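Asker: Contents of work_20.csv (CSV, C-alpha atoms and all ligand atoms) are below:
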```csv
chain,number,residue,atom,x,y,z
R,30,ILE,CA,0.0,0.0,0.0
R,31,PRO,CA,2.2,2.9,-1.3
R,32,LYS,CA,2.0,6.3,0.3
R,33,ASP,CA,1.0,8.0,-3.1
R,34,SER,CA,-0.9,10.8,-1.2
R,35,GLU,CA,2.1,11.7,1.0
R,36,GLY,CA,3.2,15.3,0.6
R,37,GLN,CA,0.0,16.0,-1.3
R,38,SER,CA,-3.0,18.2,-0.4
R,39,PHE,CA,-6.7,17.5,-0.2
R,40,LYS,CA,-10.0,19.4,0.0
R,41,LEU,CA,-11.4,18.1,3.3
R,42,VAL,CA,-14.6,19.3,4.9
R,43,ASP,CA,-12.4,20.4,7.8
R,44,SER,CA,-9.4,22.4,6.6
R,45,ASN,CA,-8.1,22.2,10.2
R,46,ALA,CA,-8.4,18.4,10.4
R,47,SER,CA,-5.8,16.8,12.7
R,48,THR,CA,-2.7,14.9,11.7
R,49,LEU,CA,-4.2,11.4,12.0
R,50,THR,CA,-7.5,12.5,10.5
R,51,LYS,CA,-5.6,13.9,7.4
R,52,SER,CA,-3.6,10.6,7.5
R,53,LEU,CA,-6.6,8.5,7.5
R,54,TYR,CA,-8.1,10.5,4.6
R,55,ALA,CA,-4.9,10.1,2.5
R,56,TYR,CA,-4.8,6.3,3.2
R,57,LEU,CA,-8.5,6.0,2.1
R,58,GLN,CA,-7.5,7.7,-1.1
R,59,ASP,CA,-4.5,5.4,-1.6
R,60,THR,CA,-6.2,2.1,-0.8
R,61,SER,CA,-8.9,2.9,-3.4
R,62,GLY,CA,-8.4,0.4,-6.3
R,63,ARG,CA,-6.0,-1.7,-4.3
R,64,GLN,CA,-7.9,-3.1,-1.3
R,65,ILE,CA,-11.3,-2.6,0.4
R,66,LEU,CA,-11.1,-2.2,4.2
R,67,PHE,CA,-13.6,-4.5,6.0
R,68,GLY,CA,-15.6,-2.9,8.9
R,69,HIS,CA,-17.9,-4.3,11.7
R,70,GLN,CA,-20.3,-2.5,14.0
R,71,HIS,CA,-19.8,-3.5,17.7
R,72,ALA,CA,-16.7,-5.4,16.5
R,73,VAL,CA,-15.4,-5.8,20.1
R,74,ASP,CA,-18.5,-5.9,22.3
R,75,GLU,CA,-21.3,-7.8,20.6
R,76,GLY,CA,-21.1,-11.3,19.4
R,77,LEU,CA,-22.3,-14.8,20.4
R,78,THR,CA,-18.7,-15.9,21.0
R,79,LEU,CA,-17.8,-13.0,23.3
R,80,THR,CA,-17.1,-14.2,26.9
R,81,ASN,CA,-16.4,-10.9,28.7
R,82,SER,CA,-18.8,-9.3,31.2
R,83,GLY,CA,-21.1,-6.4,31.5
R,84,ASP,CA,-20.6,-3.3,29.3
R,85,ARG,CA,-17.4,-4.8,27.9
R,86,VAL,CA,-15.4,-1.6,28.2
R,87,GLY,CA,-11.9,-1.9,26.5
R,88,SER,CA,-12.7,-5.3,25.2
R,89,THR,CA,-10.2,-6.9,22.8
R,90,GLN,CA,-12.5,-9.9,22.1
R,91,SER,CA,-14.0,-10.0,18.6
R,92,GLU,CA,-16.5,-12.1,16.8
R,93,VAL,CA,-14.7,-11.5,13.5
R,94,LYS,CA,-11.3,-12.3,15.1
R,95,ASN,CA,-12.6,-15.6,16.6
R,96,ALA,CA,-14.0,-16.4,13.2
R,97,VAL,CA,-11.0,-15.6,10.9
R,98,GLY,CA,-8.0,-14.9,13.2
R,99,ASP,CA,-7.8,-11.1,12.7
R,100,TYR,CA,-9.9,-8.1,13.6
R,101,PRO,CA,-11.8,-6.0,11.0
R,102,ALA,CA,-9.9,-2.9,9.8
R,103,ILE,CA,-12.8,-0.6,10.8
R,104,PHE,CA,-14.5,-0.8,14.2
R,105,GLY,CA,-18.1,0.6,14.3
R,106,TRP,CA,-20.1,2.2,17.1
R,107,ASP,CA,-23.1,4.5,17.4
R,108,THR,CA,-24.0,7.7,19.2
R,109,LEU,CA,-26.4,5.5,21.2
R,110,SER,CA,-23.4,4.4,23.3
R,111,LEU,CA,-22.9,8.0,24.5
R,112,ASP,CA,-26.5,8.0,25.8
R,113,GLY,CA,-26.1,4.6,27.5
R,114,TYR,CA,-28.3,2.6,25.1
R,115,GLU,CA,-25.6,0.5,23.6
R,116,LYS,CA,-22.3,-1.0,24.8
R,117,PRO,CA,-20.0,0.2,26.3
R,118,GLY,CA,-22.5,2.7,27.7
R,119,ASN,CA,-25.1,1.8,30.3
R,120,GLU,CA,-28.2,3.7,31.4
R,121,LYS,CA,-27.1,3.1,35.0
R,122,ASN,CA,-23.9,5.2,34.4
R,123,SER,CA,-23.6,8.9,34.5
R,124,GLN,CA,-23.4,10.6,31.1
R,125,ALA,CA,-19.7,11.4,31.8
R,126,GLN,CA,-19.0,7.8,32.8
R,127,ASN,CA,-20.7,6.6,29.5
R,128,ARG,CA,-18.5,9.1,27.6
R,129,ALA,CA,-15.4,7.7,29.4
R,130,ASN,CA,-16.4,4.2,28.5
R,131,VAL,CA,-16.8,4.9,24.8
R,132,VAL,CA,-13.4,6.9,24.8
R,133,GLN,CA,-11.8,3.8,26.6
R,134,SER,CA,-13.1,1.2,24.1
R,135,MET,CA,-12.1,3.4,21.1
R,136,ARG,CA,-8.6,4.0,22.6
R,137,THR,CA,-8.1,0.3,23.0
R,138,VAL,CA,-9.1,-0.3,19.4
R,139,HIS,CA,-6.9,2.6,18.2
R,140,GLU,CA,-4.0,1.0,20.1
R,141,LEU,CA,-4.7,-2.3,18.1
R,142,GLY,CA,-4.3,-0.2,14.9
R,143,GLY,CA,-8.0,-0.1,14.0
R,144,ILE,CA,-10.0,2.7,12.4
R,145,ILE,CA,-13.1,4.1,14.1
R,146,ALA,CA,-16.5,4.7,12.4
R,147,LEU,CA,-19.3,6.5,14.3
R,148,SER,CA,-22.9,6.1,13.1
R,149,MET,CA,-25.7,8.1,14.7
R,150,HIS,CA,-29.3,7.2,15.8
R,151,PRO,CA,-30.4,10.3,17.7
R,152,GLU,CA,-33.5,10.4,19.8
R,153,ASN,CA,-36.6,12.0,18.6
R,154,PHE,CA,-35.9,15.5,20.1
R,155,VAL,CA,-39.6,16.3,20.0
R,156,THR,CA,-41.4,13.2,21.4
R,157,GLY,CA,-38.5,11.9,23.5
R,158,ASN,CA,-38.8,8.5,21.8
R,159,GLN,CA,-36.0,7.0,19.6
R,160,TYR,CA,-34.7,7.3,16.0
R,161,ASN,CA,-37.6,5.1,14.7
R,162,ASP,CA,-40.4,7.5,16.0
R,163,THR,CA,-40.8,9.6,12.9
R,164,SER,CA,-43.5,12.0,14.2
R,165,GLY,CA,-43.2,15.5,15.5
R,166,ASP,CA,-41.7,17.3,12.5
R,167,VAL,CA,-38.3,16.9,14.2
R,168,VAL,CA,-35.8,18.4,11.6
R,169,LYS,CA,-37.8,21.7,11.2
R,170,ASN,CA,-37.9,21.9,15.0
R,171,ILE,CA,-34.2,21.3,15.7
R,172,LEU,CA,-32.9,23.7,12.9
R,173,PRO,CA,-31.8,27.2,14.1
R,174,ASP,CA,-35.2,28.8,13.8
R,175,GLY,CA,-37.0,25.8,15.5
R,176,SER,CA,-38.3,25.5,19.1
R,177,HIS,CA,-36.2,22.4,19.9
R,178,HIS,CA,-33.0,24.0,18.6
R,179,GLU,CA,-31.1,24.3,21.9
R,180,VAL,CA,-31.9,20.6,23.0
R,181,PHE,CA,-30.2,19.5,19.7
R,182,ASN,CA,-27.1,21.8,20.3
R,183,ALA,CA,-26.8,20.2,23.8
R,184,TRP,CA,-26.7,16.7,22.1
R,185,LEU,CA,-24.0,17.9,19.7
R,186,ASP,CA,-22.2,19.4,22.7
R,187,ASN,CA,-21.9,15.9,24.1
R,188,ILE,CA,-20.6,14.6,20.8
R,189,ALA,CA,-18.1,17.4,20.8
R,190,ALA,CA,-17.1,16.6,24.4
R,191,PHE,CA,-16.5,13.0,23.3
R,192,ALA,CA,-14.5,14.0,20.2
R,193,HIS,CA,-12.1,16.3,22.2
R,194,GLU,CA,-11.5,13.5,24.8
R,195,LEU,CA,-10.7,10.9,22.2
R,196,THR,CA,-6.9,11.3,22.2
R,197,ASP,CA,-4.1,8.7,21.9
R,198,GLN,CA,-2.6,8.5,25.5
R,199,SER,CA,0.9,7.5,24.2
R,200,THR,CA,1.2,10.2,21.5
R,201,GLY,CA,-1.2,13.0,22.4
R,202,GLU,CA,-2.8,12.7,19.0
R,203,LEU,CA,-6.5,13.1,18.4
R,204,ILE,CA,-8.0,9.7,17.2
R,205,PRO,CA,-9.9,10.3,13.9
R,206,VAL,CA,-13.5,9.3,13.6
R,207,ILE,CA,-15.5,8.7,10.4
R,208,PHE,CA,-18.7,10.4,11.3
R,209,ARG,CA,-21.9,9.8,9.3
R,210,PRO,CA,-24.8,12.2,10.0
R,211,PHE,CA,-28.4,11.3,9.4
R,212,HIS,CA,-28.1,8.3,7.1
R,213,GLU,CA,-30.6,6.5,4.8
R,214,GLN,CA,-32.3,9.8,4.5
R,215,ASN,CA,-34.2,8.9,1.3
R,216,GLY,CA,-36.1,6.3,3.3
R,217,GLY,CA,-38.8,7.1,5.7
R,218,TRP,CA,-37.9,4.9,8.7
R,219,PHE,CA,-35.9,7.6,10.6
R,220,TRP,CA,-37.4,10.9,11.7
R,221,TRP,CA,-34.9,12.7,9.5
R,222,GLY,CA,-36.0,10.7,6.5
R,223,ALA,CA,-37.9,11.8,3.4
R,224,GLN,CA,-41.5,11.0,4.6
R,225,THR,CA,-41.1,13.7,7.3
R,226,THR,CA,-38.3,16.0,6.1
R,227,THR,CA,-38.0,18.1,2.9
R,228,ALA,CA,-34.8,17.7,0.8
R,229,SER,CA,-34.0,21.3,1.7
R,230,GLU,CA,-34.6,20.9,5.5
R,231,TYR,CA,-32.3,17.9,5.2
R,232,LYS,CA,-29.5,19.8,3.5
R,233,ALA,CA,-29.8,22.4,6.2
R,234,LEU,CA,-29.6,19.8,9.0
R,235,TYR,CA,-26.5,18.1,7.5
R,236,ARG,CA,-24.7,21.5,7.0
R,237,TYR,CA,-25.6,22.7,10.5
R,238,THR,CA,-24.3,19.6,12.1
R,239,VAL,CA,-20.9,20.0,10.2
R,240,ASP,CA,-20.8,23.8,10.9
R,241,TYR,CA,-21.6,23.5,14.6
R,242,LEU,CA,-19.2,20.7,15.4
R,243,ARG,CA,-16.4,22.1,13.3
R,244,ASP,CA,-16.7,25.8,13.8
R,245,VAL,CA,-18.7,26.3,17.0
R,246,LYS,CA,-17.2,23.4,19.0
R,247,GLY,CA,-13.8,23.1,17.3
R,248,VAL,CA,-14.0,19.3,16.5
R,249,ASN,CA,-11.0,18.6,14.2
R,250,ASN,CA,-10.9,14.9,14.3
R,251,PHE,CA,-13.9,14.0,12.0
R,252,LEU,CA,-14.2,12.9,8.5
R,253,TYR,CA,-17.8,13.3,7.1
R,254,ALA,CA,-19.8,10.5,5.4
R,255,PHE,CA,-23.1,11.0,3.4
R,256,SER,CA,-25.0,7.7,2.9
R,257,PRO,CA,-28.5,7.4,1.3
R,258,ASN,CA,-30.1,4.0,1.2
R,259,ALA,CA,-29.8,2.0,-2.1
R,260,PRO,CA,-31.0,0.7,-4.6
R,261,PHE,CA,-30.8,3.7,-7.0
R,262,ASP,CA,-31.1,1.8,-10.3
R,263,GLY,CA,-27.9,3.8,-11.1
R,264,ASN,CA,-30.0,7.0,-11.0
R,265,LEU,CA,-27.6,9.7,-9.5
R,266,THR,CA,-30.4,12.3,-9.1
R,267,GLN,CA,-32.2,10.1,-6.5
R,268,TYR,CA,-28.8,9.8,-4.7
R,269,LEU,CA,-28.0,13.5,-4.7
R,270,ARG,CA,-31.6,14.7,-3.9
R,271,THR,CA,-30.4,15.5,-0.4
R,272,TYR,CA,-26.7,16.3,-1.1
R,273,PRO,CA,-25.6,19.2,1.1
R,274,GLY,CA,-22.8,20.1,-1.2
R,275,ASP,CA,-19.1,19.6,-2.0
R,276,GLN,CA,-17.9,21.5,1.1
R,277,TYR,CA,-19.8,19.3,3.5
R,278,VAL,CA,-18.9,15.7,2.4
R,279,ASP,CA,-15.7,13.7,2.6
R,280,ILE,CA,-17.1,10.3,1.8
R,281,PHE,CA,-19.9,9.2,-0.5
R,282,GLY,CA,-21.5,6.1,0.8
R,283,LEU,CA,-24.6,4.0,0.4
R,284,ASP,CA,-26.3,1.5,2.6
R,285,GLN,CA,-27.8,-1.7,1.2
R,286,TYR,CA,-28.9,-5.1,2.7
R,287,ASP,CA,-29.9,-8.2,0.7
R,288,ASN,CA,-33.1,-10.3,1.2
R,289,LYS,CA,-33.2,-12.8,4.1
R,290,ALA,CA,-35.3,-15.5,2.4
R,291,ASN,CA,-33.6,-15.3,-1.0
R,292,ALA,CA,-30.2,-13.7,-0.8
R,293,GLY,CA,-27.3,-13.8,-3.3
R,294,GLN,CA,-29.3,-13.4,-6.5
R,295,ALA,CA,-28.6,-11.5,-9.7
R,296,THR,CA,-30.9,-8.6,-9.2
R,297,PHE,CA,-29.3,-7.6,-5.8
R,298,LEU,CA,-25.7,-8.3,-7.0
R,299,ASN,CA,-26.2,-6.4,-10.3
R,300,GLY,CA,-27.8,-3.4,-8.6
R,301,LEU,CA,-24.9,-3.3,-6.1
R,302,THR,CA,-22.3,-3.3,-9.0
R,303,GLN,CA,-24.4,-0.6,-10.7
R,304,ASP,CA,-24.9,1.7,-7.6
R,305,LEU,CA,-21.3,1.4,-6.3
R,306,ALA,CA,-20.0,2.2,-9.8
R,307,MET,CA,-22.2,5.3,-9.7
R,308,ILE,CA,-20.9,6.7,-6.4
R,309,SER,CA,-17.4,5.8,-7.3
R,310,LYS,CA,-17.7,7.9,-10.5
R,311,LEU,CA,-19.2,10.7,-8.4
R,312,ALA,CA,-16.3,10.4,-5.9
R,313,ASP,CA,-13.8,10.5,-8.8
R,314,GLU,CA,-15.0,13.7,-10.5
R,315,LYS,CA,-15.5,15.3,-7.1
R,316,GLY,CA,-12.0,14.3,-5.8
R,317,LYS,CA,-13.6,12.4,-2.9
R,318,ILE,CA,-13.8,8.8,-1.4
R,319,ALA,CA,-16.6,6.3,-2.0
R,320,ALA,CA,-17.6,3.5,0.5
R,321,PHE,CA,-20.2,0.8,1.1
R,322,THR,CA,-21.1,2.4,4.5
R,323,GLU,CA,-23.5,-0.4,5.5
R,324,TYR,CA,-24.1,-3.8,4.0
R,325,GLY,CA,-25.4,-7.1,5.2
R,326,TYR,CA,-27.1,-10.4,4.5
R,327,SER,CA,-30.5,-8.6,5.2
R,328,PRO,CA,-32.0,-5.9,7.5
R,329,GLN,CA,-32.8,-8.8,9.9
R,330,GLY,CA,-29.4,-10.5,9.5
R,331,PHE,CA,-28.7,-14.0,8.2
R,332,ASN,CA,-30.6,-17.2,8.9
R,333,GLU,CA,-29.7,-19.8,11.5
R,334,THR,CA,-29.4,-22.3,8.5
R,335,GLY,CA,-30.5,-22.5,4.9
R,336,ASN,CA,-28.5,-19.4,3.8
R,337,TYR,CA,-27.0,-18.7,0.3
R,338,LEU,CA,-23.6,-20.2,1.3
R,339,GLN,CA,-21.5,-18.1,-1.2
R,340,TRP,CA,-22.8,-14.8,0.1
R,341,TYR,CA,-19.7,-13.0,1.4
R,342,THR,CA,-17.6,-13.8,-1.7
R,343,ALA,CA,-20.6,-13.1,-4.1
R,344,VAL,CA,-20.8,-9.6,-2.7
R,345,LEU,CA,-17.0,-9.0,-3.0
R,346,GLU,CA,-17.0,-10.4,-6.6
R,347,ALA,CA,-19.9,-8.1,-7.6
R,348,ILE,CA,-17.7,-5.1,-6.5
R,349,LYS,CA,-14.3,-6.4,-7.8
R,350,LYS,CA,-15.6,-7.1,-11.4
R,351,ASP,CA,-16.2,-3.4,-12.1
R,352,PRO,CA,-13.5,-0.8,-12.7
R,353,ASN,CA,-15.4,1.9,-11.0
R,354,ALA,CA,-17.2,-0.1,-8.2
R,355,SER,CA,-13.9,-1.7,-7.2
R,356,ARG,CA,-12.5,1.7,-6.3
R,357,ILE,CA,-14.6,1.9,-3.0
R,358,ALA,CA,-12.4,2.3,0.1
R,359,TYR,CA,-14.4,0.2,2.6
R,360,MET,CA,-17.5,-1.9,3.3
R,361,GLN,CA,-18.9,-2.3,6.8
R,362,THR,CA,-21.4,-4.8,8.1
R,363,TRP,CA,-23.7,-4.6,11.2
R,364,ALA,CA,-23.7,-5.6,14.8
R,365,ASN,CA,-24.1,-9.2,16.0
R,366,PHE,CA,-26.6,-8.3,18.8
R,367,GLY,CA,-28.1,-11.8,18.2
R,368,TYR,CA,-30.9,-13.8,16.6
R,369,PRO,CA,-33.7,-13.4,15.4
R,370,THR,CA,-32.8,-10.1,13.5
R,371,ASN,CA,-29.2,-9.1,14.3
R,372,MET,CA,-26.7,-11.7,13.1
R,373,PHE,CA,-24.3,-10.4,10.4
R,374,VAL,CA,-20.9,-12.0,10.7
R,375,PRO,CA,-20.9,-15.9,11.0
R,376,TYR,CA,-19.4,-17.4,14.2
R,377,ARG,CA,-16.7,-20.0,15.0
R,378,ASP,CA,-17.9,-22.0,18.0
R,379,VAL,CA,-14.7,-21.4,20.1
R,380,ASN,CA,-16.4,-21.7,23.5
R,381,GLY,CA,-18.1,-24.9,22.5
R,382,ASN,CA,-21.7,-23.9,23.5
R,383,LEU,CA,-23.3,-22.8,20.2
R,384,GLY,CA,-23.8,-26.3,18.7
R,385,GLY,CA,-21.0,-25.9,16.1
R,386,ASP,CA,-19.6,-23.3,13.7
R,387,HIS,CA,-22.1,-21.3,11.7
R,388,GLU,CA,-22.8,-22.6,8.1
R,389,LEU,CA,-21.6,-19.3,6.6
R,390,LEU,CA,-18.2,-19.4,8.3
R,391,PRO,CA,-16.3,-21.2,5.4
R,392,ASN,CA,-17.3,-18.5,2.9
R,393,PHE,CA,-16.6,-15.7,5.4
R,394,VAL,CA,-13.1,-17.2,5.7
R,395,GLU,CA,-12.7,-17.2,1.9
R,396,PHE,CA,-13.8,-13.6,1.8
R,397,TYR,CA,-11.2,-12.8,4.5
R,398,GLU,CA,-8.6,-14.7,2.4
R,399,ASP,CA,-9.3,-12.6,-0.7
R,400,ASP,CA,-6.3,-10.2,-1.3
R,401,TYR,CA,-8.7,-7.4,-2.1
R,402,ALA,CA,-10.4,-7.7,1.4
R,403,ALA,CA,-8.3,-5.8,4.0
R,404,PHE,CA,-8.7,-6.6,7.7
R,405,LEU,CA,-6.7,-5.0,10.5
R,406,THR,CA,-3.2,-6.3,9.6
R,407,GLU,CA,-3.8,-5.2,6.0
R,408,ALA,CA,-4.7,-1.7,7.0
R,409,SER,CA,-1.6,-1.0,9.1
R,410,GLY,CA,0.2,2.2,7.8
R,411,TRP,CA,-3.0,4.2,7.6
R,412,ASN,CA,-1.6,6.4,10.5
R,413,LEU,CA,1.8,7.0,8.8
R,414,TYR,CA,1.2,10.1,6.6
R,415,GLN,CA,3.2,13.0,8.1
R,416,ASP,CA,3.0,15.7,5.4
R,417,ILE,CA,-0.6,15.8,4.1
R,418,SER,CA,-2.0,19.2,3.4
R,419,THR,CA,-5.5,20.7,3.4
R,420,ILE,CA,-7.9,22.6,0.9
I,501,LIG,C1,-28.5,-0.8,11.4
I,501,LIG,AS1,-29.3,0.9,10.7
I,501,LIG,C2,-30.7,1.4,11.9
I,501,LIG,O1,-28.0,2.1,10.5
I,501,LIG,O2,-30.0,0.4,9.1
```
Would you mind writing the file out in structure tokens?
Answerer:
Amino acid sequence: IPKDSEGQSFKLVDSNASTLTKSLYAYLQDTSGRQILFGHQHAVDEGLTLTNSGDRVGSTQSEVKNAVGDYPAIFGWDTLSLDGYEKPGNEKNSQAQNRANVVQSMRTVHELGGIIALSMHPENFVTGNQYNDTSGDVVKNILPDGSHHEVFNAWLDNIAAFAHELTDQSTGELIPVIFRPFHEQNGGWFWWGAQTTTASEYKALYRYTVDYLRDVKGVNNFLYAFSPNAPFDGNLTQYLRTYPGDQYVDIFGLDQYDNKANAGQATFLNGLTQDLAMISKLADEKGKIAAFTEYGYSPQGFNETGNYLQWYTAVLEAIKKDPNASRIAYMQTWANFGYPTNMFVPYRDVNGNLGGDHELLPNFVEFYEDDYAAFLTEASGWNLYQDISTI
């Protein structure tokens, strides 16, 4: 993985992005067309094979590691952790204690050499319910001229507090985070989605988030990912309907899951080649990065048995075969919270209590063994750009 981007300069959303943030951005540019980094949400604290207790703060156990012998390159968490709703947070902890827990777990992974991606599922600021309550006209309400504006700033304030605490203890360096505001916004299953929010309210919301964190709060350790939900039938207009603009996006992504009952089929794989080719061309002419920001067997995970057994390699093949699509920088699958709806990475039965290895394991091993699929050891060096310049 050659340091082609070393000594170069890049238009980042944050012209004042920190050394390791710039370095990560350069590396993502350089890996493009050479290898795709594999990511996993809750890579160190959710899995059937994990044996550590409680909130799992600073865990180095990993479903994927138990499965194939190395960690993913990219370690995912959500803002829900800061609020105590997902590990390593806990609703019985103080907010500051939850923020310490998240900082600790990400420190540990940084020390392993991993890259951090932070998704968000913010509460419904209007109703006090969660991301999935779409009522209340939330976005209009949390924008500068809305009545819930200050409650949303306060939430961003805790994100900012988190970001400034997230430093490497042995170097003093800020740990970079790939941050993804308000995803799958063309869908209508989140309160910021298109059934409840105008394209133009969305654009405003995305820009505000960036402007507030970067300029008001001084967060310098974020890269910004924009990720509508596929399929797009290769229609870029549908993809860009909510685009906040060149100055607000570092990474073009898309989210796409297959069908649980009948995965691995032509339609899905072809649409994936087509839509990844599309955002890769968009990234190219814009001088940005493209990524498969969420993918998985289905929105309800894979089956206990009777899966399409070639799934992992079939997905990687659909990407590899296309000169544009194969330039994506990473692809990340979801958290193994458990059956019936949250199994994404197959397990190796290392504790001897799951009734044997999962039927998808052999193909997940092949996917891992593909030279184009980069896990943690393949992604080392990401942090080694010294001389990368901004705007
Ligand atoms: C796992 As999701 C709520 O980011 O589709």
Asker: Collect all residues with atoms no farther than 8 Å from ligand LIG 501 (chain I), counting only C-alpha atoms and all ligand atoms, and output them as a PyMOL selection string.
Answerer: chain R and resi 148-150+212-213+284+323+328+363-364
Asker: Kindly give the distance, in Å, that separates atom CA of residue 224 of chain R and atom CA of residue 330 of chain R, rounded to a single decimal.
Answerer: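 Taking atom CA of residue 224 of chain R as the start and atom CA of residue 330 of chain R as the end point, the length is 25.2 Å.
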Asker: Quick one: residues within 12 Å of residue 229 of chain R, all atoms listed in the file counted, chain neighbours fewer than 2 positions away excluded, as number ranges by chain?
Answerer: R: 168-169, 172, 214, 221-223, 225-227, 231-236, 269-274
Asker: Could you take the residues named above and write them with C-alpha atoms, as an mmCIF file, keeping the file's coordinate frame?
Answerer:
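Now in again-v3.cif:
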```
data_model
loop_
_atom_site.group_PDB
_atom_site.id
_atom_site.type_symbol
_atom_site.label_atom_id
_atom_site.label_comp_id
_atom_site.auth_asym_id
_atom_site.auth_seq_id
_atom_site.Cartn_x
_atom_site.Cartn_y
_atom_site.Cartn_z
ATOM 1 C CA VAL R 168 -35.800 18.400 11.600
ATOM 2 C CA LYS R 169 -37.800 21.700 11.200
ATOM 3 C CA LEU R 172 -32.900 23.700 12.900
ATOM 4 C CA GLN R 214 -32.300 9.800 4.500
ATOM 5 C CA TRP R 221 -34.900 12.700 9.500
ATOM 6 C CA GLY R 222 -36.000 10.700 6.500
ATOM 7 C CA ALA R 223 -37.900 11.800 3.400
ATOM 8 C CA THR R 225 -41.100 13.700 7.300
ATOM 9 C CA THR R 226 -38.300 16.000 6.100
ATOM 10 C CA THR R 227 -38.000 18.100 2.900
ATOM 11 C CA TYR R 231 -32.300 17.900 5.200
ATOM 12 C CA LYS R 232 -29.500 19.800 3.500
ATOM 13 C CA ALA R 233 -29.800 22.400 6.200
ATOM 14 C CA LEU R 234 -29.600 19.800 9.000
ATOM 15 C CA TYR R 235 -26.500 18.100 7.500
ATOM 16 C CA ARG R 236 -24.700 21.500 7.000
ATOM 17 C CA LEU R 269 -28.000 13.500 -4.700
ATOM 18 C CA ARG R 270 -31.600 14.700 -3.900
ATOM 19 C CA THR R 271 -30.400 15.500 -0.400
ATOM 20 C CA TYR R 272 -26.700 16.300 -1.100
ATOM 21 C CA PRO R 273 -25.600 19.200 1.100
ATOM 22 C CA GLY R 274 -22.800 20.100 -1.200
#
```
Asker: What is the distance between atom CA of residue 72 of chain R and atom CA of residue 377 of chain R, in Å to one decimal?
Answerer: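 Computing the Euclidean distance for atom CA of residue 72 of chain R and atom CA of residue 377 of chain R yields 14.7 Å.
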Asker: Nearest residue to residue 132 of chain R out of R:145, R:305, R:188, R:195, using only C-alpha atoms?
Answerer: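 Answer, going by the shortest atom-to-atom distance: R:195.
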Asker: First collect every listed atom of segment 145-150 of chain R; then fit an axis-aligned box around them, widen it by 6 Å on each side, and give centre and edge lengths in Å to one decimal, as JSON.
Answerer:
```
{"center_x": -21.2, "center_y": 6.1, "center_z": 14.1, "size_x": 28.2, "size_y": 16.0, "size_z": 15.4}
```
Asker: Find the residues around segment 247-261 of chain R up to 6 Å (all atoms listed in the file counted), leave out those fewer than 6 positions away in its own chain, and share them as a list in words.
Answerer: residues 46, 47, 50, 205, 206, 207, 208, 209, 212, 213, 214, 215, 278, 279, 280, 281, 282, 283, 284 and 285 of chain R
Asker: Show me the residues around (-4.6, 6.4, 26.5) - criterion: an atom at most 8 Å away, all atoms listed in the file counted - as a list in words.
Answerer: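 I get residues 133, 136, 137, 196, 197, 198 and 199 of chain R for the residues within 8 Å of that point.
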Asker: In Å, how far is it from atom CA of residue 415 of chain R to atom CA of residue 30 of chain R?
Answerer: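 Taking atom CA of residue 415 of chain R as the start and atom CA of residue 30 of chain R as the end point, the length is 15.6 Å.
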